[PDB]
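# structure, please.
(chains A, B, C, D, E, F, G and H)
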Amino acid sequence: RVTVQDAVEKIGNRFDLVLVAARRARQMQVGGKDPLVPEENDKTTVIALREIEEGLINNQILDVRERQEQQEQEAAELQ
Amino acid sequence: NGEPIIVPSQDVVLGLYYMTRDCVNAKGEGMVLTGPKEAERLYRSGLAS
Amino acid sequence: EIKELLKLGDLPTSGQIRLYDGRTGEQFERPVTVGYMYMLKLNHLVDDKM
Amino acid sequence: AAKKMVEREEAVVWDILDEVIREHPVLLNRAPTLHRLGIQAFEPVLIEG
Amino acid sequence: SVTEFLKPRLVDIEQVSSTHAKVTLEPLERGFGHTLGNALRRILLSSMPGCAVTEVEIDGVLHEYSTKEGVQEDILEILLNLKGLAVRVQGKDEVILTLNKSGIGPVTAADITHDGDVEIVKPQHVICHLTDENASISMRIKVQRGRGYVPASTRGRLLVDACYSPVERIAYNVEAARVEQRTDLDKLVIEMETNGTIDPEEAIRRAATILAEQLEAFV
Amino acid sequence: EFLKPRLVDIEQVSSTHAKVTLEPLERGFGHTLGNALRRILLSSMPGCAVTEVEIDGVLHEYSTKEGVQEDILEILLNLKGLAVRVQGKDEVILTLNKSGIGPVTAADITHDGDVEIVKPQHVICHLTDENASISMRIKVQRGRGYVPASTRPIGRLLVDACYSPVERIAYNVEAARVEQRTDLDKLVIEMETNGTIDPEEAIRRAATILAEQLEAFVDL
Amino acid sequence: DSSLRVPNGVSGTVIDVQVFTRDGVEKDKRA
Amino acid sequence: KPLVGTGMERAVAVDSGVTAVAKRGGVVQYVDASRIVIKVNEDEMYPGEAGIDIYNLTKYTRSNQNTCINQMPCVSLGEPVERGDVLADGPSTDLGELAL
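Residues are numbered from 1 along each chain as shown, chains lettered A, B, ... in the order given. Okay, here it is:
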């Protein structure tokens, strides 16, 4: 990881990209969540940016996933 | 403004200038080379300037 | 008079000698200017600044 | 114990340090920061000096 | 104590093709990187035995600047195109090959007659071009075992710069590297690529062998 | 094929600096061997430099001894350039005692079986009073390269050990007219040493180091 | 514990000690 | 020493108080890293008191800037020293020049 040109051009703001990657890495670090890209001895931030690079994370996917895990959370709670 | 901020400054510009110049007589004037790689391995062995 | 004194030794008169490169042993084109210059050491030492 | 270990500089802290220095930018800033490019982030590379 | 250097521990041999290899070596004692790398570079570039074209003769040309009809390119082009012909030979000191052809489109190396046990490593290398049906060529090319690079100047008859050595490009680097506590050791990084006559690591082995053999009145 | 070098001759022109000659060398190999040997010789040759010093009356190197006109730092600096040879051991403890007016030099040191100082006239210090005495121990040691004090008993003065004995290696590549085959080279290696390492021994060890480091990728 | 510690970094020997004491306090053994 | 100077090194070095310069010429009588004793020539001597000159060189003292100001003797024993000639080469001084 040297530049983030691709990750910028797929979330075309460069100020939204910071928040997206920050949230994803928060998940990847303190909460128990797993990478989606193969991990090649990199700190969580660069994994988050590489995830955004190949187009499988963005704000929409993240809100969808957290709402999904909330739904299954109350699905298990009522059990 | 638009101008780039990575202008190569003083030693590097002198190296590129001196490298990419031309003089009316030198070792190996006029020959033909199959490509850039052959040019490098001529210059590195003293057979041309 | 500098040239005269250079001649009185055995050194080339132009002032420039022909040097070789330590790492590759090849010769430098463009003769290079060596000599003895008086160097000082100023009191701004890197270990008092870090 | 960790504080004593780093203060005595055992042989492990250097590899630990090279791990925690991996992808951690540091901001270099020169004194009269005149315009936007007087502060810049950089990847550290450990040096002896 | 005063005779225990650091033996390098080869990292890998990265490959980019059948004729392009990046070798690495770490750690060497401080400064041995340049001695080894430069000695290898000088040996590979200057003196490494190989065989290659030295002289061609075409029936329809009397002088270097003579032109020819039918062909698509001049004599300078075809001469410079025979250099890249990556010929391989056997114990014969030298040998004369010949190619005669009259066809449309390309004139590749695959059509050279197999009068001998010589071998080619790039069968489809484009020797020349023949746009017209009547455009025919017939020529003989001399390949002799040689040990360097002899230009035309310092060598009816058409001379091509002999390039015997297998290595198209050798270039190295010396990055910094460390062990547990030692200040500065070298990491040599070679980036070799040959013509095809031999894969790179074999050429490095050959260079180390030549230099080691040369140094065997002293050890 | 290739011819192979041999040490054709050595011209020990003076007590310090010699001129070995390697011959014959095929076309162009003179430069390669020459630079390799120059780097290896200047870089790493086993040495015998002083490493510690003890003088009786001094506590620290920033003081002065009554009678001897040099400051103790001057004595340490003068010792630093002392050219000493050893035969068997790793380390060894020379001794030097003297009194009375005169230049205390290197020849004064108590003769030992295995140590042989090669430069007697190296003046260490001066004594300038009748009832003045200097008496010290000099801990010669073996090593390689250069090792400052900071990287490695209140009396024991430290000195920085500079081990390598070769001071200046030059060389020339000249045509050799021999064997009826022209175009064959000759490498003349001139070398100025402090005066401890014998030349042919130096070149033999240089070739050994080069080959022993080279074999690590004759089979990769 | 007001012992004069060597501050960080500063190294090297101790070439001189000097002790001044006012008239009225008994000089200590090193004094 | 400089080795390319301007001839002002000597005057600068002597015209500061750094170097221990002789007050009455004579013949050196005892040299040392910590003092010098000079036997005054009788002609210059006062009518009485049988004087000699003792010079107490300064040894490893702190300057204002935390540097070492020492003085090395620059004369051998039995060496005639005339009036106004240096004896001790303070910091950055060499035979009474100014070696920076």
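# can you tell me the helix or strand for the residue most central in space within chain D?
Centroid-nearest residue in chain D: residue D:44, 5.8 Å away (criterion: Cα atoms, centre = their mean). Of the helices and strands defined by DSSP states H and E, none includes residue D:44.
# look up how far residue C:26 lies from it.
Distance of residue D:44 to residue C:26, computed by Cβ to Cβ, to the nearest Å: 36 Å. Backbone N, C-alpha and C define where each C-beta goes, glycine included.
# if we can go back for a sec, let me see the contact set for the residue nearest to the centre of chain D.
Contact analysis of residue D:44 by Cβ atoms under 8 Å, 6 or more residues apart in numbering or on different chains lists D:21, D:24, D:25, D:26.
# most neighbours, which of those residues?
residue D:21 (13 neighbours; other Cβ atoms under 10 Å in any protein chain shown).
# isn't that one up against residue D:15?
No - the pair residue D:21 and residue D:15 fails to qualify as a contact (Cβ atoms under 8 Å) at a distance of 10.6 Å.
# chain neighbours aside, what residue packs nearest to residue E:54?
residue E:162 (4.6 Å; Cβ to Cβ, 6 or more residues apart in numbering or on different chains).
# residues from chain E in reach of chain F?
Residues of chain E lying close to chain F by Cβ under 8 Å from any Cβ of the partner chain are E:1-3, E:5, E:7-8, E:10, E:13, E:23, E:25, E:28-32, E:34-36, E:38-39, E:42-43, E:46-47, E:201, E:204-205, E:208-219.
# roughly how far apart are the single nearest residue of chain C relative to chain F and chain E?
Residue nearest to chain F within chain C: residue C:25 (3.5 Å; Cβ to the nearest Cβ). Distance of residue C:25 to chain E, given as Cβ to the nearest Cβ, to the nearest Å: 7 Å.
# now do residue A:3
22 Å.
# tell me the contacts of that residue?
So residue A:3 contacts nothing (Cβ under 8 Å, 6+ apart).
# quick one, phi psi at it?
Note on residue A:3: its backbone torsions stand at phi -120, psi 160 [degrees, to the nearest 10].
# now the contacts of residue D:44 as CSV including distance to chain C and secondary structure?
Formatted as CSV, the contacts of residue D:44 follow (distance: Cβ to the nearest Cβ, whole Å; DSSP: H, G, I helix; E, B strand; the rest coil):
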residue, distance to chain C, secondary structure
D:21, 18, coil
D:24, 20, coil
D:25, 21, coil
D:26, 15, strand
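# check whether residue B:37 sits in a helix, strand or coil.
On the three-state scheme (DSSP: H, G, I helix; E, B strand; the rest coil), residue B:37 is labelled helix.
# that one contacts residue E:169, doesn't it?
Yes - using Cβ under 8 Å, residue B:37 makes contact with residue E:169 at a distance of 4.7 Å.
# of these two, who's got more company?
residue E:169 (18 against 14).
# wait, what's in contact with residue C:7?
residue C:13 are the contacts of residue C:7 under Cβ under 8 Å, 6+ apart.
# how near is it to residue F:126?
Distance from residue C:7 to residue F:126, by Cβ to Cβ: 40 Å.
# check residue C:38 too.
29 Å.
# host element of the residue of chain H found nearest chain D?
Using Cβ to the nearest Cβ, the single residue of chain H nearest to chain D is residue H:66, 23.2 Å away. Of the helices and strands defined by DSSP H and E, none includes residue H:66.
# what is the burial count for it?
Look at residue H:66: counted by other Cβ under 10 Å, it has 8 neighbours.
# cool, and residue H:17?
Neighbours around residue H:17, by other Cβ under 10 Å: 8.
# and it, that's in a helix?
No - according to three-state DSSP, residue H:17 belongs to no helix; its state is coil.
# what separation do you get for it and chain F?
Here residue H:17 is placed at a distance of 21 Å from chain F (Cβ to the nearest Cβ).
# swap in residue A:56?
Distance from residue A:56 to chain F, by Cβ to the nearest Cβ: 40 Å.
# measure the nearest residue to that residue once chain neighbours are set aside to residue A:64 for me?
Distances taken as Cβ to Cβ, 6+ apart place residue A:36 nearest to residue A:56, at 6.1 Å, with adjacent residues excluded. When distance is defined by Cβ to Cβ, residue A:36 is 14 Å away from residue A:64.
# more neighbours: those two, which one.
residue A:36 (15 against 11).
# test my guess that the more buried one contacts residue A:54.
No - counting by Cβ under 8 Å, residue A:36 stays clear of residue A:54, with 9.0 Å between them.
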